[PDB]
Structures are given as C-alpha cells and as structure tokens.
Amino acid sequence: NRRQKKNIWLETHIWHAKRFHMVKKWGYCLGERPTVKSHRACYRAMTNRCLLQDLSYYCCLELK
Amino acid sequence: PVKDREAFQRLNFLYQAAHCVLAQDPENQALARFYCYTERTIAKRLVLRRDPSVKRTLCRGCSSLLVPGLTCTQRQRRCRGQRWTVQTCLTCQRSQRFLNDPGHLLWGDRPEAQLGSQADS
Amino acid sequence: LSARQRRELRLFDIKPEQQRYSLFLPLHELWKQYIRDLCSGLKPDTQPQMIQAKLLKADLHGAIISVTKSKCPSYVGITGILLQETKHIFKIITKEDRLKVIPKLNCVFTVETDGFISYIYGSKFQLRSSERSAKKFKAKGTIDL
Amino acid sequence: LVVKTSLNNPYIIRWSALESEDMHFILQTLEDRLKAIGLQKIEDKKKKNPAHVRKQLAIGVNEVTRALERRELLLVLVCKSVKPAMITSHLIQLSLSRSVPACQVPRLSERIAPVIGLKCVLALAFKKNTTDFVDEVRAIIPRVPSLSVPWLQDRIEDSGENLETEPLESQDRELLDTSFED
RNA sequence: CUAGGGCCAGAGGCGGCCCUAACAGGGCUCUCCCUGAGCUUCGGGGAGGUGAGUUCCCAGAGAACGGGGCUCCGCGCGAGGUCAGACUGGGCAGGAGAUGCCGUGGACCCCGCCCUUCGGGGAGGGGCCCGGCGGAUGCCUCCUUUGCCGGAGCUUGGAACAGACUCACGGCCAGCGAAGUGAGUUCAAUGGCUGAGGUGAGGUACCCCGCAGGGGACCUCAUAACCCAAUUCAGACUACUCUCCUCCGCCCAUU
Ligand SMILES: [Zn+2]
C-alpha cells in the first residue's frame with residue numbers, strides 16, 4: 193500500500209512483474225517484453241493456439 | 004631472533020634520521036613526522052617489544068619524538084593531589100599526564116631498573 | 076582521527092623547498108655510514124643474494140637514487156636523494172632548489188653504494204613500503220625496459 | 019625458557035664531569051655575589067613592615121622552560137632531586153641553543169639554604185638580558201665545563217648508532233613479582 | 001495448486017529515505033576506520049542498531065566481577081590535651097605551584113528558555129576535570145593524630161565510556177512425461193572472402209567559392225583483445241582497450 197501510494201499496482205500487476213518485464217510509460221508501468229524468449233512462440237500461439245492480454249488502461253465515460 | 008635484530012637497525016635508523024632532521028632544520032618537520040609515522044607503522048604491523056620511555060616520548064597522537072622538547076610544551080603543575088607533568092604538542096592538541104614524585108621512586112625503578120639489573124647473557 | 080589528522084598536512088610545502096640543499100648533505104653521510112655498519116664486509120667478494128636480502132628488507136628512506144631507464148624519457152637522467160615514499164610514487168630532492176615526484180610505475184633506479192652499483196626495478200616495489208620489510212614478496216612477473 | 023629480545027635505546031646522555039673543586043669555589047663565589055647585593059626582593063614580595109626585583113629569577117620547572125623556549129641568553133642551575141631527574145631535566149639538556157645549563161649534583165640545595173627565601177629550589181634560572189647584575193658571574197659563565205650532547209647531531213657532521221638488544225627474561229620478573237593466575 | 005499464505009513460540013526485526021520483487025540489487029544523505037603524487041568542501045574500500053562469548057608472553061591494581069599494592073579527601077565511629085583568637089592569636093600546606101584570566105572539550109551534577117509530554121533533542125549560567133599564559137600566600141575558628149569504610153587517581157602494554165572477531169533476531173510447508181528460444185547445438189553448427197563509406201591519421205600536380213583560406217574529391221595504413229551461449233531474465237564480480245564524457249597528477253618546453 194505504501195508503494196501503491198506512488199504507482200498504480202494493479203491486481204495482476206504483481207503476477208506480471210513476477211515473470212515479465214515491467215517498464216514505466218506515459219501512464220502506469222506495464223509489460224513491454226516477456227522474460228523468456230517467445231517471439232516466435234507468441235506468433236505460434238496467436239495463429240492456432242490460445243493467448244491473452246491485460247487491458248486495464250481503457251478509461252470509461254458513462255453518459256446518462 | 005636474527006631477522007628481528009635486522010629490523011632493529013632499520014627502526015633505530017629511522018629514529019636517528021628523525022633526530023637528524025629535527026636537529027638540521029627548525030619548524031619544518033615533515034621528514035621527521037613521516038619517518039616517525041613509518042617507525043610507528045612498522046611497530047604496529049610487525050609488533051615488537053619496544054622501550055617504554057622513548058616510545059612515550061614519541062607522542063603517539065600523530066608523530067612527534069623530539070618536537071615537544073624544544074618546540075612544544077612540557078611543564079609541571081599540581082592538579083588534584085600528586086604533582087603531574089603535562090606534555091602537550093602543538094599539532095593535534097592532545098595531552099599527556101606523567102606523575103613525578105619522590106615517594107614513589109621504587110615504582111620509578113620497578114619497570115626500568117630491573118632490566119638493567121637482571122640483564123644476563 | 077585520520078580526517079582530524081589531515082587538517083594541516085604531513086606533506087611538504089613551498090617553504091621547505093628553499094632549505095639550501097647542502098644542509099641535506101649529512102643525510103647521505105648518515106645513510107652511507109648505516110650501510111657501512113649494516114653490511115660490514117667488503118674486500119674479497121661475498122654472496123650477492125645477501126645483498127638482495129639487504130636491499131629488500133631495509134627501508135630505502137633517505138637514499139641516493141638515479142633514474143636509469145623509464146617509460147618517460149624526461150624522467151630519465153634525474154639523480155638525487157629521496158625524501159618521501161607513497162603507494163606508487165616517491166618524492167626526491169635534486170640540485171639547486173627544486174624537487175621532483177618520481178612514480179614507481181615502470182622504471183628502474185641506479186643506487187650508488189660505497190663501492191657497488193645496484194639496479195632496482197621499481198615496479199613491484201609499492202603499496203606502503205613498510206609492507207616490503209613485513210611480508211609477502213613472491214616471484215611474479217618480469218619487466219622489459 | 020621464555021626469553022624475548024627488546025629494542026631498548028637509551029643512548030646514555032651522561033652529565034658534566036664531576037669537577038668538585040672548581041664547582042665548589044664558583045658556587046661559593048655565586049653565594050658571595052648573591053649576598054653582596056641585598057634582600058630587597060623578599061622585602062618587596064613578602065612585604066615585611106624594587107630594583108632587585110627586576111631580575112627574572114625563573115623558579116620551578118615551568119618558569120625555566122618558558123624562559124628557555126623562545127629566544128633568551130641566560131643561565132640555568134639544575135640539581136638532581138630524586139633518581140627520576142633525567143625526564144625533567146631532559147628539557148634542560150635539549151634546550152641548549154643560546155643558554156648555559158649548569159648542573160650540580162650535590163650542592164644546589166646548599167646554595168638555597170643560606171639565602172633568605174623559601175623551600176629548597178630544585179631547578180633555577182635567571183633572565184638578566186641587558187641589565188648589569190654581576191659582571192664576574194658573566195665571566196664565570198664561559199668558564200664552567202660545557203655539556204656536549206651526541207643524541208641529536210652534536211653540531212658536528214658525524215653520526216654514531218649503537219645496538220642495545222636487551223634479552224627480557226620471563227623468569228626474572230616472575231621471581232621478582234611472584235604472581236600466578238589460573 | 002494467487003507463498004500480497006498458514007502453523008507452535010516470539011513481541012525482536014541489521015543507520016535513515018526512495019524504486020524494484022531481480023531485497024547477497026541500485027541511488028542519495030550522516031558518522032566511524034584505513035589508504036591515496038589533485039590542501040582536503042577531494043577520491044576509493046569496509047562498517048552502522050541490540051544481546052552473549054573471546055582476545056601470544058612480559059608488565060600493570062584491574063584485558064568479565066571482587067579482594068590483596070600505594071597516594072589524596074571525610075555531614076561516620078574513637079583517643080588525648082581542654083591551655084577554647086593573646087601584638088589578626090594558633091595549626092597545616094605552599095617556587096617540587098596556593099591563585100588569577102580564557103573556553104564551538106566531558107557519556108557528570110543543578111538551575112533554566114524553545115519543539116514536545118516514553119527513551120527526550122538544542123542556545124546559556126554555577127561546581128569538578130582539561131588545555132594555554134603569568135606567578136605568593138590559601139584553609140579553619142578549641143585543636144591534633146593513626147585505624148576501618150566510602151570516593152577518586154596512576155608511567156605499563158599494539159589494548160582500559162574502547163577497539164576487533166564470532167554467533168543470534170526464526171524454522172517448516174507448494175509441481176507440471178507430449179512438440180519445437182526475434183541463434184538453440186548437444187560424439188557438441190553459427191563472428192568465412194571481396195569493395196566502398198564510419199572513425200583515428202598522413203600526402204596532394206583534382207574541383208567549387210575569393211579573408212590569408214574554407215568545403216568536397218583521390219591513395220595507403222589501424223579497426224584489436226577478453227572470450228566463447230545449451231532455458232531466460234534482473235542485479236553484483238572478475239578479464240579488456242580500436243572507442244567516447246569528465247576529475248586529475250608528475251616531468252619537459254614557451255610567454
Ligand atoms: Zn602528537
């Protein structure tokens with residue numbers, strides 16, 4: 193909580209920072225590259241297999 | 004015992020060179036101070052059994068072996084009880100107490116006069 | 076204590092440079108008589124490794140040196156008695172008042188004895204030279220000059 | 019057999035020669051020149067009801121040392137009080153620059169005893185720069201035997217070292233102190 | 001199998017802050033110790049709190065406690081004279097040092113202002129110790145002396161409110177046999193040749209412009225070493241010098 197006073201520290205941000213490269217950016221610190229070499233493996237999982245992302249930066253305007 | 008007897012010549016050679024510097028030129032003491040610092044460094048690393056009166060006149064504050072006699076202050080006073088000789092060098096502003104008194108002359112001869120007497124070959 | 080001892084300095088200034096170098100002449104006589112009383116053997120010939128042991132184990136403070144080969148040519152051709160000694164340099168005084176700081180990095184010194192001449196490669200001779208007479212002098216490395 | 023070598027270097031600075039007769043009559047001459055002038059000094063100090109007070113008679117170790125430090129042409133009289141006298145009068149030996157440190161071993165208390173003063177003065181000196189006290193004392197000053205100190209340089213370009221490696225035995229101090237710990 | 005978790009005991013958590021979970025990581029600031037050719041407000045290395053244990057011989061009173069060694073002092077005990085200020089009377093101590101001046105010295109005591117109301121922190125004043133300078137009287141009012149006890153002090157030795165080393169502030173508990181690493185091999189592949197440009201340099205009989213000159217063009221030399229991946233990444237280490245940004249030192253020559 194004391195560190196989260198400065199940064200954002202999402203719920204899955206600690207799961208990402210456990211095994212992915214997290215670089216500070218224009219908004220919060222997010223995942224740039226994986227720690228393991230999987231540049232061909234990400235495409236091979238993108239074509240036939242399964243792959244997911246973490247998209248939490250999308251702010252929402254609800255209009256009533 | 005031979006190799007220590009060798010380094011004895013080097014130590015009292017540095018000690019005599021410090022006296023040569025302090026008797027040669029006044030008020031510029033850097034050679035004698037460096038020689039006394041080297042002499043104290045040798046005795047600090049290769050630790051030996053040195054003489055008690057000479058080493059306490061080396062003034063272990065930084066380095067001054069002949070300097071407090073003719074340049075800096077050595078006087079006498081009476082602080083509380085027995086009279087004390089105050090030895091103060093004008094380099095690091097440290098003091099040395101040495102009590103000198105007639106009733107304790109045997110304790111003045113207790114470390115010193117024995118080694119003169121009990122010296123056997 | 077060390078930073079409190081580093082207030083004034085323990086090193087030379089401009090004022091001891093003009094001390095009329097003939098006053099430093101009895102230091103050479105002191106060193107020469109110390110070599111005469113240390114070795115105490117001259118006439119037939121005897122044991123150059125005894126000479127190497129005396130030149131390794133003794134403090135060279137206050138001795139006559141002359142740079143005979145060095146990597147800098149301007150350092151070569153400098154004689155004089157030495158006054159200080161530091162980690163990788165040492166300071167000498169020469170003729171008419173000026174002093175020089177000679178580094179022990181890659182150089183060799185001719186030392187003139189009473190009747191001998193000794194070359195000393197000042198490469199391994201370093202690191203607070205009281206450590207030289209103490210311990211740790213092994214056989215490593217050659218110096219090409 | 020526990021015997022350890024110790025580098026002890028008391029290069030022995032011996033005192034002046036024991037010239038009994040010469041010192042014996044010049045000290046009586048000093049007593050005559052002190053009694054010949056008078057006692058205005060004790061009458062000005064104690065005030066028992106100023107010209108003789110103007111001498112700077114350094115009495116005690118500290119006054120003699122502050123007289124011998126700066127730059128002063130004067131005369132010092134030193135007596136041996138106890139056996140620890142080399143440490144105190146080593147200042148007087150070392151301060152030979154422009155002064156005369158005359159040392160008398162048995163006789164200096166017999167100088168202070170008839171002179172009207174106080175308790176027996178151990179170290180004495182007198183600063184008498186440019187004022188006329190007694191010219192005969194200033195004639196006696198280059199006549200006393202001077203002390204040559206080979207400890208520092210002895211003013212001549214010549215150095216001599218001596219080797220004194222004392223074997224300290226544990227058995228000697230063991231039998232003199234007689235102490236044991238377990 | 002969310003180990004941003006739980007279990008017995010503990011109530012201790014490695015100078016402080018900030019970032020990360022790659023917490024044997026990095027940066028800043030404060031102190032201590034050691035060393036260094038730039039006077040030093042400089043740089044490098046190591047350490048920071050608490051509790052326990054230890055530290056050749058000799059010396060010294062004590063290397064952790066106490067006693068045995070000496071010196072100085074008495075809101076305590078005891079003895080004698082009692083002759084208790086008589087010309088400021090008597091006794092002790094004092095040139096072997098009583099006292100006077102000075103204070104960005106002390107882990108000491110008391111008063112005392114500010115933040116604050118646990119340990120407290122900071123400007124000041126009084127006593128003792130400490131250092132510097134110059135020297136004559138200070139104590140008590142019935143007096144004197146030793147003995148026990150209490151407090152303080154001591155020259156040594158590499159060491160004496162110390163420093164150095166070691167241990168301790170927790171332990172235990174969680175795997176997936178199925179495709180194929182912007183190189184993925186394992187009886188162990190991958191920096192091969194040529195030419196022009198990059199950079200460090202030299203020379204010019206080339207071209208354009210008119211400030212003696214500047215810019216481009218042509219030719220040659222040098223572009224190395226350390227070493228080699230088998231799962232990856234973060235950080236620290238050690239081995240570098242074709243190469244770039246700074247702080248520098250010494251020596252030589254000039255104005
Ligand atoms: Zn000192």
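Residue numbers (PDB author numbering), protein chains in the order written: chain B, 193 to 256; chain K, 4 to 124; chain D, 76 to 220; chain C, 19 to 67, 106 to 238. For each residue, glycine too, the CB sits at the ideal point set by N, CA and C.
Below 9 Å between beta carbons is the criterion; list the residues of the stretch 106-117 of chain D that meet it against any residue of chain C, in chain order.
-> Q108, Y109, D112
When K:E115, K:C82, K:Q77 are compared against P140 of chain C, the one with the closest alpha-carbon | Start at 1 with the first residue of the fourth sequence, and residue 140 of chain C comes out as number 84. Among K:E115, K:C82, K:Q77, the Cα nearest to that of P140 of chain C belongs to K:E115.
Assign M142 of chain C to one of three DSSP states: helix, strand, or coil.
-> For the purposes of this step, residue 142 of chain C is taken as the residue at position 86 of the fourth sequence. Looking at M142 of chain C - three-state DSSP - the assignment turns out to be coil, as it is neither helix nor strand.
Would you kindly check if the distance between the Cβ of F200 of chain D and the Cβ of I126 of chain D is under 9 Å?
-> Within the third sequence, numbered from 1, the residue matching residue 126 of chain D stands at position 51. Within the third sequence, numbered from 1, the residue matching residue 200 of chain D stands at position 125. Not in contact: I126 of chain D and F200 of chain D (Cβ atoms no closer than 9 Å).
Taking 8 Å as the cut-off, does the CB of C82 of chain K come closer than this to any heavy atom belonging to ligand 1?
-> What you label residue 82 of chain K is simply residue 79 of the second sequence in a count that begins at 1. No, the beta carbon of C82 of chain K sits no closer than 8 Å to any heavy atom of ligand 1.
Could you list which residues in chain K have their beta carbon closer than 8 Å to that of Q112 of chain C, in chain order?
-> Residue mapping note: residue 112 of chain C aligns to position 56 of the fourth sequence, counting from 1. The premise fails here: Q112 of chain C is roughly 17 Å from chain K at the closest Cβ pair, so nothing lies under 8 Å.
Confirm, please, whether the CB-CB distance from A35 of chain C to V117 of chain C is below 9 Å.
-> The count along the fourth sequence starts at 1 and reaches residue 117 of chain C at position 61. The count along the fourth sequence starts at 1 and reaches residue 35 of chain C at position 17. Their beta carbons are not under 9 Å apart, which means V117 of chain C does not touch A35 of chain C by this criterion.
Length of the line joining the Cα atoms of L73 of chain K and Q90 of chain K | Your numbering for residue 73 of chain K matches position 70 in the second sequence. Your numbering for residue 90 of chain K matches position 87 in the second sequence. Going by the C-alpha atoms only, they are around 12 Å apart.
Can you tell me where the beta strand (DSSP E) with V142 of chain D in it begins and where it stops?
-> On the third sequence, position 67 is the one that residue 142 of chain D refers to. Residues 139-145.
Give me whichever residues DSSP pairs with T23 of chain C in a beta bridge.
-> On the fourth sequence, residue 23 of chain C is found 5 positions in, with the first residue counted as 1. Answer is C:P223, bridged to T23 of chain C.
Quick one: which chain C residues come within Cβ less than 9 Å of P148 of chain D?
-> Position 73 of the third sequence holds residue 148 of chain D. Within chain C, no residue comes near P148 of chain D; the closest Cβ sits about 37 Å away, beyond 9 Å.
So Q27 of chain K and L86 of chain D are in contact, right, with Cβ under 8 Å, and what is the actual spacing, rounded?
-> Working through the second sequence from its first residue, we reach residue 27 of chain K at position 24. Working through the third sequence from its first residue, we reach residue 86 of chain D at position 11. Actually they do not touch by this definition, with Cβ atoms about 18 Å apart.
To which residues does DSSP link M214 of chain B through a beta bridge?
-> Here residue 214 of chain B refers to the residue found at position 22 of the first sequence. Note: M214 of chain B sits in a beta bridge opposite B:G223.
Kindly indicate if chain D contains any beta-carbon less than 9 Å away from that of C23 of chain K.
-> In the second sequence, residue 23 of chain K corresponds to position 20, counting from 1. Yes, contact with chain D.
Within the stretch 33-64 of chain K, note down every full alpha helix (DSSP H) run reaching 4 residues or more, in order along the chain.
-> 33-48, 55-59
Which residue from C:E217, C:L232, C:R199 puts its Cα closest to that of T47 of chain C?
-> Against the fourth sequence, residue 47 of chain C aligns to sequence position 29. The candidate whose alpha carbon is nearest that of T47 of chain C is C:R199.
Show which residues of chain C have a CB atom less than 7 Å away from the CB atom of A35 of chain K.
-> Looking up residue 35 of chain K in the second sequence gives position 32. The contacting residues do not exist; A35 of chain K stays about 11 Å from chain C at best.
Using a beta-carbon distance below 9 Å, is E213 of chain C in contact with chain D?
-> For the purposes of this step, residue 213 of chain C is taken as residue 157 along the fourth sequence, with counting starting at 1. Chain D contact via Cβ: present.
Going by CA-CA distance only, name the one from K:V24, K:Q12, K:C65 that's closest to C114 of chain D.
-> Along the third sequence, read from residue 1 onward, the residue named residue 114 of chain D stands at position 39. Closest by alpha carbon: K:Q12.
Mark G219 of chain B as exposed unless 16 or more other C-beta atoms lie within 10 angstroms of its C-beta, in which case mark it buried.
-> Here the question's residue 219 of chain B lines up with position 27 in the first sequence. Label assigned to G219 of chain B: exposed.
What is the chain-ordered set of residues for which the beta carbon lies under 6 Å from any non-hydrogen atom of ligand 1?
-> K:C62, K:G64, K:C65, K:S67, K:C92, K:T94, K:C95, K:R97
Do you know offhand how far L68 of chain K's Cα is from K64 of chain C's?
-> Counting from one through the second sequence, the residue named residue 68 of chain K turns up at place 65. Counting from one through the fourth sequence, the residue named residue 64 of chain C turns up at place 46. Cα to Cα, the separation comes out at about 42 Å.
With a 10 Å radius around its C-beta and 16 neighbouring C-beta atoms as the bar for buried, classify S149 of chain D as buried or exposed.
-> Sequence index remark: in the third sequence, residue 149 of chain D carries index 74 (1-based). Burial call: exposed.
Local conformation of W87 of chain K per DSSP, three classes | The count along the second sequence starts at 1 and reaches residue 87 of chain K at position 84. Strand, per DSSP.
Check whether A21 of chain K and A35 of chain K have beta carbons under 9 Å apart | Locating residue 21 of chain K in the second sequence gives position 18, where the first residue counts as 1. Locating residue 35 of chain K in the second sequence gives position 32, where the first residue counts as 1. For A21 of chain K and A35 of chain K, yes; Cβs fall inside 9 Å.
Just grab the DSSP bridge partners of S34 of chain C for me.
-> As a working mapping, residue 34 of chain C is identified with position 16 in the fourth sequence. Answer is none; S34 of chain C lacks a bridge partner.
Are the CB atoms of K179 of chain D and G155 of chain D nearer to each other than 9 Å?
-> Taking the third sequence and counting its residues from 1, the one referred to as residue 179 of chain D is at position 104. Taking the third sequence and counting its residues from 1, the one referred to as residue 155 of chain D is at position 80. No.
So what does DSSP say about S77 of chain D, is it helix, strand or coil?
-> By 1-based counting over the third sequence, the position of residue 77 of chain D is 2. Helix at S77 of chain D.
Hey, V186 of chain D and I218 of chain D: beta-carbon distance below 9 Å or not?
-> If you number the third sequence from 1, residue 186 of chain D lands on position 111. If you number the third sequence from 1, residue 218 of chain D lands on position 143. No; because the gap between Cβ atoms is not below 9 Å, this pair is not in contact.
Helix or strand or just coil, what does DSSP make of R51 of chain C?
-> As a position in the fourth sequence, residue 51 of chain C is number 33, starting the count at 1. Helix.
Cβ of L100 of chain D within 9 Å of any chain C Cβ | As a working mapping, residue 100 of chain D is identified with position 25 in the third sequence. Judged by the 9 Å Cβ criterion, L100 of chain D is in contact with chain C.
Coarse secondary structure for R100 of chain K, derived from DSSP in three states = As a first step, residue 100 of chain K must be located in the second sequence, where it is residue number 97. Strand, per DSSP.
What are the complete alpha helix (DSSP H) segments, minimum 4 residues, inside the stretch 102-184 of chain D?
-> 123-132
If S208 of chain D and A10 of chain K are in contact, beta carbons under 8 Å, what's the gap, nearest whole angstrom?
-> Taking the first residue of the third sequence as position 1, residue 208 of chain D is located at position 133. Taking the first residue of the second sequence as position 1, residue 10 of chain K is located at position 7. About 6 Å separates the two Cβ atoms, so the contact holds.
Specify the secondary structure class of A122 of chain K as computed by DSSP and reduced to three states.
-> In the second sequence, counting from the first residue as 1, residue 122 of chain K sits at position 119. Of the three classes helix, strand and coil, the one that applies to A122 of chain K here is coil, per DSSP.
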